Amino acid sequence: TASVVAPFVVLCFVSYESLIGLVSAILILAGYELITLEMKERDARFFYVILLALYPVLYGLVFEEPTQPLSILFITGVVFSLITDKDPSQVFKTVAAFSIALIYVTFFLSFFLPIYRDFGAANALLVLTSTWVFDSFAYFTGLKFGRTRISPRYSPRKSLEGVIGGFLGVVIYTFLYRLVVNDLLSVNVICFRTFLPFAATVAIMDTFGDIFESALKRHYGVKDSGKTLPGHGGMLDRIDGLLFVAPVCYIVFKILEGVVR
Amino acid sequence: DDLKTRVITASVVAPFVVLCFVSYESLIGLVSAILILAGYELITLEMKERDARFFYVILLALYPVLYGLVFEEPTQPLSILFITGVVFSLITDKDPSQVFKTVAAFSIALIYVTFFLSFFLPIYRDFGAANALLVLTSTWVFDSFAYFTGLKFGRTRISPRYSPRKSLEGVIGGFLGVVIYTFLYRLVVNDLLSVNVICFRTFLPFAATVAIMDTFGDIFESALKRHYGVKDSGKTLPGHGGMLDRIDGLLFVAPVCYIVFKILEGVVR
Ligand SMILES: CCCCCCCCCO[C@@H]1O[C@H](CO)[C@@H](O)[C@H](O)[C@H]1O
Ligand SMILES: CCCCCCCCCO[C@@H]1O[C@H](CO)[C@@H](O)[C@H](O)[C@H]1O
Ligand SMILES: [Hg+2]
Ligand SMILES: [Hg+2]
Ligand SMILES: [Hg+2]
Ligand SMILES: [Hg+2]
Ligand SMILES: [Mg+2]
Ligand SMILES: [Mg+2]
């Protein structure tokens, strides 16, 4: 398990098309999970799952645009649920769950597609891992440093202190990351002023992005999003903070770093 | 009680709207307005709660501006309007199984209503204020012709049992009424100025989508209302029906139309 998860992912950031393939895979998984909490029903799950997985490809390769395939994946989904679900108050339930999967999971995750394209495969790996880096440092400095509850009563506990730490761990992960990456080739990287914010957002977003998921799970009755990968936890669980991050990161990058060819 | 309250609104609705397609910024302001209304309605079915409604309402109304003026991009503000919304519901709603209910309703509002309707923003920009008005009215045009040729030309049920009556026949008619509305629309508009219009091959499809989309777009809304228990989305405008009700098929149309235009007409700026 754990020996390949880290490098398999990374080795994917090589091609734009490789990136797509990873995002696609992750979406079938994460998507399957979030949809399965609303459907234990045979076909239902699968169709909407396929939709959730198609976006990266349609967005990146088919249309060189995002909004166009987003609208039709939604439209195709609702059409389907109208055909299949004949109880109207229920057609609403599947569309609601599919609606969250589409925005939260699918739309938000495929934000790597433009982050990669417009900011170099480099910063892509940077954003992704900076969440892993924040995550560790948030845990450690959280256990031994305080009880200031920012997390809700239903969500797994989180501290202001744990975040201020994970913040710093990202702040540092970048000095290190900068040097190593401007070296290995003349590679594009997060400049020095786009540092403090990029940390701040990986901080604040992963926090909110996980709390939102935990709330999402208390509604479906579980403490795990689902079991797809034999690894520890669920696929949606290993992603949750990353979802809120990517979008906010891409915004932060454009505001503070311009563009590429 | 006067006959000037029901007629004055019937006289301005049509031209007020049209007179807006003049500026890109005017278009934005109409779309913004319509979203606060339509949005207020769809959210209100899930919330009879004081603040809740209003916050998410404002979010749903902001997208057109943020998308058109602030970011010259769509996806960026879409993601943050959602994120700002969920953050809010986490703060306010403390029951997790309920935070899910408001996010679900807000989620449909965002995509269906807000995202779909503001598609006029790019349709206008990339296809000329002309075709914008063309798409919008072509739904009004399809709507009439679908009603008439529907009453007297058939009873083959395409519409669901909870949904207002619809027939394959009524659509094949509204299809044609749009097909024709364009010959007419083309001539008048290539005349009044050297104006950009739906070419002749982009005709058959544009009809087909206004047909098929308004159909699905209304059925989805009707299903949406059966869940909330009403036969009207809400009463905002004193006019007949609700604001969301006058738009429902238009939502599914705009997106699909924009796609269809790009596939078939390039960037006729
Ligand atoms: C397309 C970009 C998105 C990539 C998604 C791949 C998710 C792989 C899971 O990662 C794992 O998540 C844990 C939980 O945080 C970390 O502790 C651990 O070190 C890391 O190996
Ligand atoms: C850019 C969005 C434009 C907003 C359009 C909706 C608000 C105007 C509604 O007016 C009426 O709508 C009814 C719906 O079919 C028809 O009875 C009639 O044709 C039309 O006069
Ligand atoms: Hg790989
Ligand atoms: Hg810089
Ligand atoms: Hg106007
Ligand atoms: Hg033409
Ligand atoms: Mg997490
Ligand atoms: Mg209608």
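Residues numbered from 1 in each chain as written, not as in the entry; some residues may be left out. Chains lettered and ligands numbered in written order. Heavy atoms only, no water.

- As deposited, the entry is annotated with X-ray crystallography as its determination method and 3.40 Å as its resolution.

**Observations concerning the packing of aromatic side chains**
Here the distance between the centres and the angle between the planes together describe a pair of aromatic rings.
Step number 1: As enumerated under the stated definition, the model contains 51 aromatic pairs over all chains in all.
Step number 2: Consider the rings of B:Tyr63 and B:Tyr67, whose centres lie 5.2 Å apart with planes at 50 degrees: the pair is tilted. Note that B:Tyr63 and B:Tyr67 are positioned in helix α3 (residues 50-70) at a spacing of 4 residues, about one turn of the helix.
Step number 3: The class of B:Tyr67 is buried, set by a relative accessible area of 12%.
Step number 4: An angle of 85 degrees between the planes, with centres 6.0 Å apart, marks the rings of B:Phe119 and B:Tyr258 as edge-to-face. Of this pair, B:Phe119 sits in the loop between α5 (96-117) and α6 (120-151) while B:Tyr258 sits in helix α9 (residues 243-265); the two residues are 139 residues apart in sequence, bridging distant segments of the chain.
Step number 5: The residue whose ring lies beneath A:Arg117 is A:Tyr16, and the NZ or CZ to ring-centre distance is 5.0 Å. (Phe/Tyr/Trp six-rings, centres within 6.5 Å; stacked < 30°, edge-to-face > 60°. Helix = DSSP H or I, 4+ residues; strand = E, 2+ residues; numbered from the N terminus. Buried < 20%, exposed > 50% of the residue type's maximum accessible area, 1.4 Å probe, protein only. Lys NZ or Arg CZ within 6 Å of the ring centre and 35° of its normal.)

**Topic: the site of ligand 1**
Residue and element names in this part refer to chain A.
Step number 1: All residues adjacent to ligand 1 are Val5, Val9, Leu22, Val23, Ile26, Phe112, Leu128, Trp132, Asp135, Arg238 and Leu242.
Step number 2: Here an oxygen atom of ligand 1 sits 3.3 Å away from a polar atom, N or O, in the side chain of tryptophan 132.
Step number 3: Here ligand 1, which alone exposes 550 Å², has 78% of that area covered by the protein.
Step number 4: Breaking the shell around ligand 1 down by element, the ones donating at least two residues are α1 (2-12), α2 (16-36) and α6 (112-143).
Step number 5: Here the shell around ligand 1 gets 4 residues from one element, more than from any other, and that element is α6.
Step number 6: In terms of residue class, the shell around ligand 1 is made up of 9 nonpolar, no polar and 2 charged. (Near = heavy atom within 4 Å. Polar contact = N/O pair within 3.5 Å; in protein donor to acceptor, adjacent residues only side chain to side chain. Areas by Shrake-Rupley, 256 points an atom, 1.4 Å probe, with all protein chains shown as cover. Nonpolar A, V, L, I, M, F, W, Y, C, P; charged D, E, K, R; others polar.)

**Details of the UniProt feature "transmembrane region" in chain B**
Residue and element names in this part refer to chain B.
Step number 1: Mapped onto the present numbering, the UniProt feature "transmembrane region" falls at residues 16-36, 54-74, 80-100, 103-123, 128-148, 169-189, 192-212 and 247-267.
Step number 2: Summarising residues 80-100: 86% helix, 0% strand, and an end-to-end C-alpha distance of 18 Å.
Step number 3: Annotated as 90% helix and 0% strand, the span residues 247-267 places its first and last C-alpha atoms 27 Å apart. (UniProt positions renumbered as here; feature names shortened; annotations may be inferred.)

**Observations regarding the coordination of the magnesium ion (ligand 8)**
All names here are of chain B.
Step number 1: The protein atoms donating to the magnesium ion (ligand 8) are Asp218 (OD), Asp245 (O), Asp248 (OD) and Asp248 (OD), with metal-donor distances spanning 2.1 to 2.6 Å.
Step number 2: As a motif over one chain, the donors of the magnesium ion (ligand 8) read D-x26-D-x2-D. Of this pair, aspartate 245 and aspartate 248 both sit in helix α9, 3 residues apart, which is roughly one turn of that helix. Each member of the pair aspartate 245 and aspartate 248 is classed as buried. (Donors = N, O, S within 2.8 Å, 3.2 Å for Na, K, Ca; no water.)

**Regarding the interface of chain B and chain A**
Step number 1: The partner chain A presents 46 residues to the 45 residues of chain B that form the contact.
Step number 2: Buried area between chain B and chain A, both sides added, is near 3,900 Å², and the carbon and sulfur share of it is 86%.
Step number 3: Among the residues of chain B in contact with chain A, B:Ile83, B:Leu90 and B:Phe100 are the three that bury the most area, contributing 15% of the side total.
Step number 4: Joining chain B to chain A, the criterion identifies 0 salt bridges.
Step number 5: Applying the counting criterion to the chain B and chain A interface returns 0 residue pairs in polar contact.
Step number 6: Per-element accounting of the side of chain B that touches chain A gives the leading share, 13 residues, to α5(B).
Step number 7: Partitioned by chemical class, the residues of the side of chain B that touches chain A number 34 nonpolar, 6 polar and 5 charged. (Contact = heavy atoms within 4.5 Å. Buried area = accessible area lost by both parts, 1.4 Å probe. Salt bridge = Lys/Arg side-chain N within 4 Å of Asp/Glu carboxyl O.)

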